[PDB]
Amino acid sequence: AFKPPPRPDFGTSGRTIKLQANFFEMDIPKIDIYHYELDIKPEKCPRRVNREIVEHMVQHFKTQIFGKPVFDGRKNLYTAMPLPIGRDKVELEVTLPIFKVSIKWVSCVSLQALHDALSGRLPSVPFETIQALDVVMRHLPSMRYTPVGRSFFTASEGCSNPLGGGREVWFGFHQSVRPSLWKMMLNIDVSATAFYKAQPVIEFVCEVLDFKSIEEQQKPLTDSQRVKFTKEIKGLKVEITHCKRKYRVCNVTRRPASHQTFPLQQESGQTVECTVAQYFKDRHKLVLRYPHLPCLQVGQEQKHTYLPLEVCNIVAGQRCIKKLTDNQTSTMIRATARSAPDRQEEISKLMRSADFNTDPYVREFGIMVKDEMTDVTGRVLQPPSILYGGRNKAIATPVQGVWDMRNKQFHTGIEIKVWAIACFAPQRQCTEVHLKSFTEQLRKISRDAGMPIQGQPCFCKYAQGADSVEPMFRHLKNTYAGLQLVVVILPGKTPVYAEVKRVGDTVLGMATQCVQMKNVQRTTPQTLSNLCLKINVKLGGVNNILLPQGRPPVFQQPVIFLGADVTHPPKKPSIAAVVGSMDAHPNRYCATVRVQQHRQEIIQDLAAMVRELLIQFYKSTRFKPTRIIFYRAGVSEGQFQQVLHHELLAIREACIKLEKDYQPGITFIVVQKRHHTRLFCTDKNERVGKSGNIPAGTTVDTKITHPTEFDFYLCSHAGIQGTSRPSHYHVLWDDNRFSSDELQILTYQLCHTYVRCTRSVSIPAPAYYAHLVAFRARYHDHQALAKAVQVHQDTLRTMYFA
RNA sequence: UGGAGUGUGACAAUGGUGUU
RNA sequence: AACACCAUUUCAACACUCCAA
């Protein structure tokens with residue numbers, strides 16, 4: 001439970017398809033770079049200030065040192081060539097129109113060891129080296145661009161994309177230095193956001209208040225305009241233009257600049273009441289061109305510092321946080337999240353205009369970055385045959401990641417004979433005609449799906465308030481003998497849903513299915529179809545199974561599939577969910593959910609959860625799992641060592657305390673949807689759909705993947721919009737000794753066992769289910785709430801989370 | 001609350017050190 | 001009570017697109 005497994009082989013299954021990744025090949029020298037620690041007092045200075053201080057320290061001490069370093073911004077310094085120092089601390093003083101800086105030697109970072117690491121020599125890739133290189137590549141844009149999080153943003157070169165108000169669209173990019181199979185690469189992905197337009201505040205008022213010009217009004221119209229302008233400018237930073245000095249707007253004055261008064265404190269004689277306009281007229285010899293406009297209150301309310309709008313400009317680099325209107329959000333998504341070729345060309349254009357090969361800090365260390373994206377081979381895996389049943393027992397073949405139930409019926413359809421209707425929406429907007437039409441349409445779709453509605457509901461009543469849920473359900477449960485389903489019509493977002501699911505899933509164990517109000521009014525066959533999928537699954541039926549004869553050889557012996565995900569509160573306990581397959585299809589899953597420490601992603605009581613699932617598996621199959629496939633979802637790389645250490649033991653421990661010396665092979669895999677890796681089709685004809693993304697099933701385990709460890713990219717879903725995010729899978733452990741092809745095919749095949757739709761999903765079904773279970777337990781003093789997530793006895797043996 | 005896909009969030013929340 | 005900074009938390013929220021010929 002310490003070391004991750006090496007990649008066994010390279011996959012050879014599927015049709016090859018020429019690809020390009022958003023990785024840019026880097027040429028890195030064998031030179032050793034030198035690392036030094038800085039010590040700066042005071043110890044609270046912002047990063048930008050630190051970079052500024054170091055910048056001053058470099059040029060003013062060229063006679064002693066620096067015969068061109070890079071900076072972290074906080075206690076990390078690198079130089080290409082060495083300097084006159086030692087392990088001893090060298091302290092000096094600098095001045096900024098007053099700081100004390102101490103430079104201390106730390107260590108040497110050899111890039112020869114980096115080549116030995118990228119090659120087959122050293123198995124471990126020095127993290128300190130990756131950090132150093134990343135600091136080098138980020139040093140310039142950290143000062144040149146506007147840093148946000150881990151990305152860098154900037155304005156537009158020619159055109160200027162507006163948003164209205166004081167906003168406009170600034171574009172940016174996220175860079176990160178990553179290790180590869182043979183050569184270091186630079187990962188880069190573009191993005192966009194909304195910044196405040198760098199303009200005079202007098203024009204900001206014009207744009208916020210919908211003025212063609214400021215001379216449209218000679219006097220302030222209303223208190224509401226004051227509130228609106230304040231709502232937009234309160235909190236923003238502005239620079240002055242009659243001396244430079246940056247200020248922060250705390251409020252907007254009620255009175256015009258001609259009447260806005262303040263304590264003048266004219267040297268001696270203390271304060272005299274003076275208006276802002278008279279002040280700027282006397283002191284700064286400036287007559288206000290627009291004295292009828294209010295002032296910006298800046299700084300402290302006790303300080304009484306006001307500024308006319310015509311001397312203030314909004315400083316650039318200020319991102320917006322305010323709510324975006326329809327046109328703003330539209331123009332945003334109408335200029336970002338574009339199709340795959342558009343994003344591809346944007347990244348290329350970015351790599352062309354960023355020009356890393358001409359920047360001094362990059363050239364200092366002799367680093368060369370390829371201006372073209374990295375070509376990668378890639379290969380499209382083969383979609384599994386989906387077996388439907390019914391009278392004909394037809395087969396569905398996933399075309400482009402999507403199939404349908406046209407002339408097909410469920411593998412195990414359920415004859416629904418007893419069911420109820422409880423509408424919580426007002427009868428005024430939801431007539432009985434809507435309910436009957438919805439009933440007819442539902443019955444037809446149901447019977448067509450192989451899950452026939454054998455007749456009208458035994459119950460149909462309107463209701464209101466969540467307090468009506470628990471009593472009614474009890475009555476419903478006691479009146480009608482052997483009811484199968486309770487359909488709950490909701491008028492939108494309401495606390496009713498949470499109680500419906502609480503009473504339904506935990507308290508009584510009744511199969512409940514909520515439907516939004518509008519879908520009851522106007523009904524399409526597709527919606528009713530997916531709804532039937534959910535119903536048929538919730539009632540214990542089987543929608544569809546993988547073709548039994550068309551499965552990887554792992555199924556030749558009893559094997560269980562586990563999925564795990566963790567959800568954190570908005571102080572409240574977090575909840576971890578672990579699901580497990582309960583048959584050999586594998587279609588049916590049982591859910592286990594626990595409560596945990598705040599924001600602790602490491603599943604603590606995992607062992608017991610696995611124990612339950614294992615026990616339930618034996619109860620449902622009469623077979624003991626010779627293999628355990630654990631899909632962990634939600635953890636990032638920085639948590640791997642931690643998670644893999646505990647949870648794997650937690651799994652293994654569960655296998656020991658159960659029976660004798662029963663130790664099946666555990667295959668610990670980490671699913672990751674959140675990453676800055678994009679894949680594009682090289683051939684224009686290979687593009688799929690409007691979004692023009694890579695075809696569903698695209699598999700990559702070369703060039704852009706880890707040099708030594710077992711990981712692979714799999715785009716298992718078809719891109720509906722924008723650019724697809726290929727799900728990344730990292731095998732942290734593997735006792736079963738999977739081949740690349742086998743595990744990739746198994747994973748892609750498990751992406752077809754999703755029971756809520758006739759499509760291929762981005763992540764495997766167990767992980768998705770685990771996410772649904774977790775998010776469901778969200779709707780449901782610590783030991784008290786620990787039993788709140790404990791679902792019902794009869795609900796446990798079902799997929800209520802579906 | 002029919003479903004899937006992908007954009008935004010990072011002046012985010014907390015515990016920590018520290019400031020007139 | 002405001003304000004800085006260091007280490008963590010991709011959790012959740014909102015929105016959009018797609019499911020006529």
# chains A, B, ... in the order shown; residues from 1 in each chain; ligands from 1
>>> interface_residues(of="chain A", to="chain C", cutoff="7 Å", atoms="only C-alpha atoms (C1' of nucleotides)", output="list in words")
residues 44, 45, 46, 526, 567, 568, 570, 599, 720 and 721 of chain A
>>> closest_atom_pairs(of="chain A", to="chain B", cutoff="6 Å", atoms="only C-alpha atoms (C1' of nucleotides)", output="Markdown table")
| residue | atom | partner | partner_atom | distance |
| --- | --- | --- | --- | --- |
| A:149 | CA | B:10 | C1' | 5.5 |
| A:337 | CA | B:7 | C1' | 5.8 |
| A:514 | CA | B:1 | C1' | 5.5 |
| A:515 | CA | B:1 | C1' | 5.2 |
| A:516 | CA | B:1 | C1' | 4.6 |
| A:527 | CA | B:2 | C1' | 4.2 |
| A:530 | CA | B:2 | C1' | 5.3 |
| A:531 | CA | B:2 | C1' | 5.1 |
| A:720 | CA | B:5 | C1' | 4.9 |
>>> residues_around(residues="residue 789 of chain A", least_positions_apart="6", cutoff="12 Å", atoms="only C-alpha atoms (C1' of nucleotides)", output="list in words")
residues 501, 502, 503, 505, 506, 507, 573, 574, 575, 576, 577, 591, 592, 593, 594, 595, 596, 773, 774, 775, 776, 777, 778, 779, 780, 782, 783, 795 and 796 of chain A
>>> write_last_selection(atoms="N, CA, C and O atoms", output="mmCIF file, in the first residue's frame")
data_model
loop_
_atom_site.group_PDB
_atom_site.id
_atom_site.type_symbol
_atom_site.label_atom_id
_atom_site.label_comp_id
_atom_site.auth_asym_id
_atom_site.auth_seq_id
_atom_site.Cartn_x
_atom_site.Cartn_y
_atom_site.Cartn_z
ATOM 1 N N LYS A 501 -37.968 12.673 -0.481
ATOM 2 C CA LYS A 501 -36.875 11.715 -0.557
ATOM 3 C C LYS A 501 -36.481 11.181 0.819
ATOM 4 O O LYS A 501 -36.051 10.038 0.943
ATOM 5 N N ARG A 502 -36.626 12.007 1.851
ATOM 6 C CA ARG A 502 -36.320 11.569 3.211
ATOM 7 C C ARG A 502 -37.299 10.488 3.677
ATOM 8 O O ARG A 502 -36.886 9.411 4.105
ATOM 9 N N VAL A 503 -38.592 10.776 3.577
ATOM 10 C CA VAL A 503 -39.632 9.829 3.971
ATOM 11 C C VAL A 503 -39.631 8.606 3.059
ATOM 12 O O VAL A 503 -39.795 7.474 3.516
ATOM 13 N N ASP A 505 -37.089 7.338 0.889
ATOM 14 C CA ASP A 505 -35.891 6.504 0.845
ATOM 15 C C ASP A 505 -35.504 5.911 2.194
ATOM 16 O O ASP A 505 -35.033 4.778 2.262
ATOM 17 N N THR A 506 -35.693 6.673 3.266
ATOM 18 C CA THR A 506 -35.219 6.247 4.579
ATOM 19 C C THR A 506 -36.328 5.686 5.465
ATOM 20 O O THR A 506 -36.197 4.594 6.018
ATOM 21 N N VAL A 507 -37.409 6.445 5.605
ATOM 22 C CA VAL A 507 -38.470 6.126 6.556
ATOM 23 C C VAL A 507 -39.317 4.909 6.178
ATOM 24 O O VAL A 507 -39.374 3.931 6.921
ATOM 25 N N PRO A 573 -21.148 17.868 8.873
ATOM 26 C CA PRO A 573 -20.342 16.714 8.465
ATOM 27 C C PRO A 573 -20.328 16.519 6.958
ATOM 28 O O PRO A 573 -21.287 16.874 6.273
ATOM 29 N N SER A 574 -19.244 15.941 6.456
ATOM 30 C CA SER A 574 -19.174 15.568 5.046
ATOM 31 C C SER A 574 -19.742 14.173 4.911
ATOM 32 O O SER A 574 -19.974 13.513 5.905
ATOM 33 N N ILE A 575 -20.049 13.740 3.699
ATOM 34 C CA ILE A 575 -20.583 12.394 3.547
ATOM 35 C C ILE A 575 -19.892 11.643 2.420
ATOM 36 O O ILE A 575 -19.723 12.159 1.312
ATOM 37 N N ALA A 576 -19.471 10.418 2.725
ATOM 38 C CA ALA A 576 -18.805 9.593 1.729
ATOM 39 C C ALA A 576 -19.718 8.468 1.277
ATOM 40 O O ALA A 576 -20.367 7.814 2.086
ATOM 41 N N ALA A 577 -19.748 8.245 -0.029
ATOM 42 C CA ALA A 577 -20.611 7.240 -0.619
ATOM 43 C C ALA A 577 -19.809 6.210 -1.393
ATOM 44 O O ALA A 577 -18.976 6.557 -2.236
ATOM 45 N N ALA A 591 -25.993 0.635 -2.464
ATOM 46 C CA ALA A 591 -25.347 1.852 -1.995
ATOM 47 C C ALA A 591 -25.084 1.863 -0.494
ATOM 48 O O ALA A 591 -25.957 1.528 0.306
ATOM 49 N N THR A 592 -23.866 2.244 -0.120
ATOM 50 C CA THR A 592 -23.540 2.461 1.283
ATOM 51 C C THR A 592 -23.073 3.898 1.458
ATOM 52 O O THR A 592 -22.299 4.408 0.649
ATOM 53 N N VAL A 593 -23.553 4.552 2.508
ATOM 54 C CA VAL A 593 -23.229 5.952 2.739
ATOM 55 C C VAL A 593 -22.879 6.190 4.206
ATOM 56 O O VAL A 593 -23.530 5.661 5.108
ATOM 57 N N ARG A 594 -21.841 6.986 4.438
ATOM 58 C CA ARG A 594 -21.430 7.318 5.793
ATOM 59 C C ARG A 594 -21.252 8.815 5.964
ATOM 60 O O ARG A 594 -21.152 9.563 4.985
ATOM 61 N N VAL A 595 -21.160 9.230 7.222
ATOM 62 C CA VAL A 595 -20.871 10.612 7.560
ATOM 63 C C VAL A 595 -19.450 10.718 8.090
ATOM 64 O O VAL A 595 -18.922 9.775 8.680
ATOM 65 N N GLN A 596 -18.836 11.872 7.871
ATOM 66 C CA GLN A 596 -17.444 12.078 8.218
ATOM 67 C C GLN A 596 -17.115 13.479 8.678
ATOM 68 O O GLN A 596 -17.957 14.391 8.674
ATOM 69 N N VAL A 773 -25.429 8.928 -5.012
ATOM 70 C CA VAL A 773 -25.727 8.493 -3.657
ATOM 71 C C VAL A 773 -25.298 9.555 -2.667
ATOM 72 O O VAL A 773 -26.040 9.904 -1.745
ATOM 73 N N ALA A 774 -24.093 10.075 -2.879
ATOM 74 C CA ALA A 774 -23.583 11.136 -2.026
ATOM 75 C C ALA A 774 -24.489 12.359 -2.108
ATOM 76 O O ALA A 774 -24.924 12.885 -1.087
ATOM 77 N N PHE A 775 -24.808 12.790 -3.323
ATOM 78 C CA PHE A 775 -25.633 13.980 -3.501
ATOM 79 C C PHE A 775 -27.088 13.787 -3.030
ATOM 80 O O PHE A 775 -27.785 14.757 -2.738
ATOM 81 N N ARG A 776 -27.539 12.538 -2.980
ATOM 82 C CA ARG A 776 -28.862 12.191 -2.451
ATOM 83 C C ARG A 776 -28.876 12.233 -0.925
ATOM 84 O O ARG A 776 -29.843 12.687 -0.310
ATOM 85 N N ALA A 777 -27.788 11.756 -0.325
ATOM 86 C CA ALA A 777 -27.621 11.767 1.126
ATOM 87 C C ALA A 777 -27.518 13.199 1.641
ATOM 88 O O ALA A 777 -27.681 13.459 2.833
ATOM 89 N N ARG A 778 -27.242 14.117 0.721
ATOM 90 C CA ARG A 778 -27.184 15.542 1.011
ATOM 91 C C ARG A 778 -28.543 16.104 1.407
ATOM 92 O O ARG A 778 -28.632 17.020 2.224
ATOM 93 N N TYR A 779 -29.595 15.546 0.822
ATOM 94 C CA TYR A 779 -30.957 15.997 1.071
ATOM 95 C C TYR A 779 -31.513 15.403 2.359
ATOM 96 O O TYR A 779 -32.414 15.967 2.980
ATOM 97 N N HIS A 780 -30.966 14.257 2.748
ATOM 98 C CA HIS A 780 -31.392 13.556 3.951
ATOM 99 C C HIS A 780 -31.016 14.312 5.225
ATOM 100 O O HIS A 780 -30.201 15.235 5.195
ATOM 101 N N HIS A 782 -23.688 14.466 16.032
ATOM 102 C CA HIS A 782 -23.149 13.740 14.885
ATOM 103 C C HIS A 782 -23.668 12.311 14.763
ATOM 104 O O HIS A 782 -24.043 11.868 13.674
ATOM 105 N N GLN A 783 -23.699 11.595 15.881
ATOM 106 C CA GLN A 783 -24.182 10.220 15.878
ATOM 107 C C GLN A 783 -25.686 10.184 15.633
ATOM 108 O O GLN A 783 -26.238 9.153 15.247
ATOM 109 N N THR A 795 -35.288 -0.264 0.657
ATOM 110 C CA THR A 795 -34.667 0.685 -0.264
ATOM 111 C C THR A 795 -33.218 0.297 -0.564
ATOM 112 O O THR A 795 -32.732 0.486 -1.682
ATOM 113 N N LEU A 796 -32.546 -0.262 0.438
ATOM 114 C CA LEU A 796 -31.159 -0.710 0.313
ATOM 115 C C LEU A 796 -30.978 -1.669 -0.855
ATOM 116 O O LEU A 796 -29.975 -1.611 -1.564
#
>>> select_by_dssp(residues="segment 102-254 of chain A", states="alpha helix (DSSP H)", output="PyMOL selection string")
chain A and resi 112-118+127-139+141-144+201-208+223-233
>>> write_last_selection(atoms="C-alpha atoms", output="compact mmCIF listing (two decimals), in the first residue's frame")
# COMPACT_ATOMS: atom_id res chain seq x y z
CA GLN A 112 20.73 15.83 -15.69
CA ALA A 113 18.76 13.97 -13.05
CA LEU A 114 15.67 15.19 -14.89
CA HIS A 115 16.89 13.48 -18.07
CA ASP A 116 17.67 10.40 -16.00
CA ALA A 117 14.11 10.57 -14.65
CA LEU A 118 12.43 11.03 -18.03
CA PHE A 127 9.10 17.36 -7.72
CA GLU A 128 11.44 20.18 -6.71
CA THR A 129 12.67 20.21 -10.31
CA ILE A 130 9.13 20.46 -11.69
CA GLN A 131 8.50 23.28 -9.23
CA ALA A 132 11.66 25.11 -10.32
CA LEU A 133 10.85 24.81 -14.02
CA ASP A 134 7.28 25.95 -13.36
CA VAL A 135 8.59 28.98 -11.46
CA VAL A 136 10.84 29.78 -14.42
CA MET A 137 8.04 29.50 -16.97
CA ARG A 138 5.68 31.52 -14.75
CA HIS A 139 8.09 34.26 -13.64
CA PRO A 141 3.70 36.26 -16.96
CA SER A 142 3.41 36.69 -13.18
CA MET A 143 4.54 40.29 -13.65
CA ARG A 144 3.54 40.87 -17.28
CA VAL A 201 -15.48 56.95 -14.02
CA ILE A 202 -17.45 59.66 -15.83
CA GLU A 203 -17.80 57.20 -18.73
CA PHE A 204 -18.49 54.35 -16.30
CA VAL A 205 -21.55 56.25 -15.11
CA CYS A 206 -22.59 56.64 -18.75
CA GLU A 207 -22.33 52.92 -19.46
CA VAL A 208 -23.98 51.82 -16.22
CA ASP A 223 -31.82 58.26 -5.56
CA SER A 224 -32.25 55.07 -7.57
CA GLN A 225 -29.51 56.16 -10.01
CA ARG A 226 -27.30 56.74 -6.99
CA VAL A 227 -28.12 53.26 -5.69
CA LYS A 228 -27.52 51.65 -9.11
CA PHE A 229 -24.19 53.39 -9.71
CA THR A 230 -23.20 52.62 -6.14
CA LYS A 231 -24.19 48.97 -6.58
CA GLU A 232 -21.80 48.86 -9.51
CA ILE A 233 -18.86 50.87 -8.18
>>> select_by_dssp(residues="segment 446-590 of chain A", states="strand (DSSP E or B)", output="JSON, numbers by chain")
{"A": [453, 459, 460, 461, 462, 485, 486, 487, 488, 489, 490, 512, 513, 514, 515, 516, 542, 545, 546, 559, 560, 561, 562, 563, 564, 565, 566, 567, 574, 575, 576, 577, 578, 579, 580, 581, 589, 590]}
>>> write_last_selection(atoms="N, CA, C and O atoms", output="compact mmCIF listing (two decimals), in the first residue's frame")
# COMPACT_ATOMS: atom_id res chain seq x y z
N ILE A 453 -47.88 0.18 -18.00
CA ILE A 453 -48.81 0.63 -16.97
C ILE A 453 -50.14 -0.07 -17.20
O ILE A 453 -50.85 0.21 -18.17
N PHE A 459 -54.68 6.38 -6.84
CA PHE A 459 -54.72 7.59 -6.03
C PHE A 459 -54.30 8.78 -6.88
O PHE A 459 -53.41 8.66 -7.72
N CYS A 460 -54.97 9.91 -6.69
CA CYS A 460 -54.65 11.13 -7.45
C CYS A 460 -55.19 12.35 -6.73
O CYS A 460 -56.38 12.66 -6.82
N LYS A 461 -54.32 13.05 -6.01
CA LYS A 461 -54.74 14.22 -5.25
C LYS A 461 -53.73 15.36 -5.25
O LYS A 461 -52.51 15.14 -5.33
N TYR A 462 -54.25 16.58 -5.20
CA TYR A 462 -53.39 17.75 -5.05
C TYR A 462 -53.01 17.91 -3.59
O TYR A 462 -53.69 17.40 -2.70
N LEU A 485 -45.27 2.43 -6.82
CA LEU A 485 -44.68 3.72 -7.12
C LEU A 485 -45.53 4.90 -6.66
O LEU A 485 -46.76 4.83 -6.66
N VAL A 486 -44.86 5.98 -6.25
CA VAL A 486 -45.54 7.23 -5.93
C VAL A 486 -44.92 8.36 -6.74
O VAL A 486 -43.78 8.76 -6.50
N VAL A 487 -45.68 8.88 -7.70
CA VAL A 487 -45.22 9.95 -8.57
C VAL A 487 -45.55 11.31 -7.95
O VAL A 487 -46.71 11.59 -7.63
N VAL A 488 -44.53 12.14 -7.76
CA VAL A 488 -44.72 13.43 -7.10
C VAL A 488 -44.46 14.62 -8.02
O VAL A 488 -43.31 14.92 -8.35
N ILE A 489 -45.52 15.31 -8.42
CA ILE A 489 -45.38 16.49 -9.27
C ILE A 489 -44.99 17.72 -8.45
O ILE A 489 -45.69 18.09 -7.51
N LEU A 490 -43.88 18.35 -8.82
CA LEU A 490 -43.38 19.52 -8.10
C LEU A 490 -43.39 20.76 -8.99
O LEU A 490 -43.10 20.68 -10.18
N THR A 512 -40.30 6.28 -4.96
CA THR A 512 -40.84 7.59 -5.32
C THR A 512 -40.20 8.13 -6.59
O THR A 512 -39.01 7.92 -6.83
N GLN A 513 -40.99 8.81 -7.40
CA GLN A 513 -40.47 9.44 -8.61
C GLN A 513 -41.04 10.84 -8.82
O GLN A 513 -42.22 11.01 -9.14
N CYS A 514 -40.20 11.85 -8.61
CA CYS A 514 -40.64 13.24 -8.74
C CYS A 514 -40.56 13.72 -10.19
O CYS A 514 -39.65 13.36 -10.93
N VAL A 515 -41.54 14.53 -10.59
CA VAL A 515 -41.57 15.12 -11.93
C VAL A 515 -41.82 16.62 -11.83
O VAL A 515 -42.73 17.05 -11.13
N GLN A 516 -41.02 17.42 -12.53
CA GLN A 516 -41.21 18.86 -12.51
C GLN A 516 -42.55 19.21 -13.18
O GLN A 516 -43.03 18.48 -14.03
N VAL A 542 -34.55 -4.40 -14.67
CA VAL A 542 -33.29 -4.24 -15.39
C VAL A 542 -33.52 -3.62 -16.76
O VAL A 542 -34.11 -4.24 -17.65
N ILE A 545 -28.44 -4.67 -20.18
CA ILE A 545 -27.20 -5.27 -19.71
C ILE A 545 -26.17 -5.29 -20.83
O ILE A 545 -26.51 -5.21 -22.01
N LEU A 546 -24.90 -5.40 -20.45
CA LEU A 546 -23.84 -5.61 -21.41
C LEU A 546 -24.02 -6.98 -22.03
O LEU A 546 -24.53 -7.89 -21.38
N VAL A 559 -16.44 -11.15 -9.84
CA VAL A 559 -15.79 -9.87 -9.61
C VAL A 559 -16.79 -8.77 -9.24
O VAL A 559 -17.87 -8.67 -9.83
N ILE A 560 -16.45 -7.96 -8.24
CA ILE A 560 -17.30 -6.87 -7.79
C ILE A 560 -16.71 -5.51 -8.18
O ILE A 560 -15.50 -5.31 -8.12
N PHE A 561 -17.58 -4.59 -8.59
CA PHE A 561 -17.14 -3.25 -8.98
C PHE A 561 -17.60 -2.22 -7.96
O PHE A 561 -18.79 -2.12 -7.64
N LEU A 562 -16.65 -1.44 -7.45
CA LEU A 562 -16.93 -0.44 -6.43
C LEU A 562 -16.71 0.97 -6.95
O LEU A 562 -15.80 1.21 -7.74
N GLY A 563 -17.56 1.88 -6.51
CA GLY A 563 -17.40 3.29 -6.85
C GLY A 563 -17.45 4.12 -5.59
O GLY A 563 -18.23 3.84 -4.70
N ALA A 564 -16.62 5.16 -5.51
CA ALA A 564 -16.56 5.95 -4.29
C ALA A 564 -16.43 7.43 -4.60
O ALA A 564 -15.65 7.84 -5.45
N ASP A 565 -17.22 8.24 -3.88
CA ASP A 565 -17.15 9.69 -4.02
C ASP A 565 -17.47 10.36 -2.69
O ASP A 565 -18.16 9.79 -1.85
N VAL A 566 -16.97 11.58 -2.49
CA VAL A 566 -17.21 12.30 -1.24
C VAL A 566 -17.79 13.70 -1.49
O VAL A 566 -17.35 14.42 -2.39
N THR A 567 -18.78 14.07 -0.69
CA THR A 567 -19.41 15.38 -0.79
C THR A 567 -19.21 16.18 0.50
O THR A 567 -19.37 15.65 1.60
N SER A 574 -19.24 15.94 6.46
CA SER A 574 -19.17 15.57 5.05
C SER A 574 -19.74 14.17 4.91
O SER A 574 -19.97 13.51 5.91
N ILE A 575 -20.05 13.74 3.70
CA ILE A 575 -20.58 12.39 3.55
C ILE A 575 -19.89 11.64 2.42
O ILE A 575 -19.72 12.16 1.31
N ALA A 576 -19.47 10.42 2.73
CA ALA A 576 -18.81 9.59 1.73
C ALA A 576 -19.72 8.47 1.28
O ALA A 576 -20.37 7.81 2.09
N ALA A 577 -19.75 8.25 -0.03
CA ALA A 577 -20.61 7.24 -0.62
C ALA A 577 -19.81 6.21 -1.39
O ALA A 577 -18.98 6.56 -2.24
N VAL A 578 -20.06 4.94 -1.09
CA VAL A 578 -19.42 3.84 -1.79
C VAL A 578 -20.49 2.86 -2.25
O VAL A 578 -21.24 2.32 -1.43
N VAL A 579 -20.57 2.67 -3.56
CA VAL A 579 -21.54 1.76 -4.15
C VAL A 579 -20.82 0.51 -4.63
O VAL A 579 -19.60 0.52 -4.83
N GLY A 580 -21.59 -0.55 -4.89
CA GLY A 580 -21.03 -1.80 -5.36
C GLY A 580 -21.97 -2.61 -6.22
O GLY A 580 -23.17 -2.67 -5.95
N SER A 581 -21.44 -3.23 -7.27
CA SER A 581 -22.25 -4.07 -8.15
C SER A 581 -22.77 -5.29 -7.40
O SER A 581 -22.10 -5.81 -6.50
N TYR A 589 -26.78 -2.13 -8.51
CA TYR A 589 -25.80 -1.66 -7.54
C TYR A 589 -26.46 -1.41 -6.19
O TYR A 589 -27.61 -0.96 -6.12
N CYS A 590 -25.74 -1.68 -5.11
CA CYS A 590 -26.20 -1.39 -3.76
C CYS A 590 -25.35 -0.26 -3.21
O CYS A 590 -24.14 -0.20 -3.46
>>> residues_around(residues="residue 479 of chain A", least_positions_apart="5", cutoff="12 Å", atoms="only C-alpha atoms (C1' of nucleotides)", output="list in words")
residues 418, 419, 420, 458, 459, 472, 473 and 474 of chain A
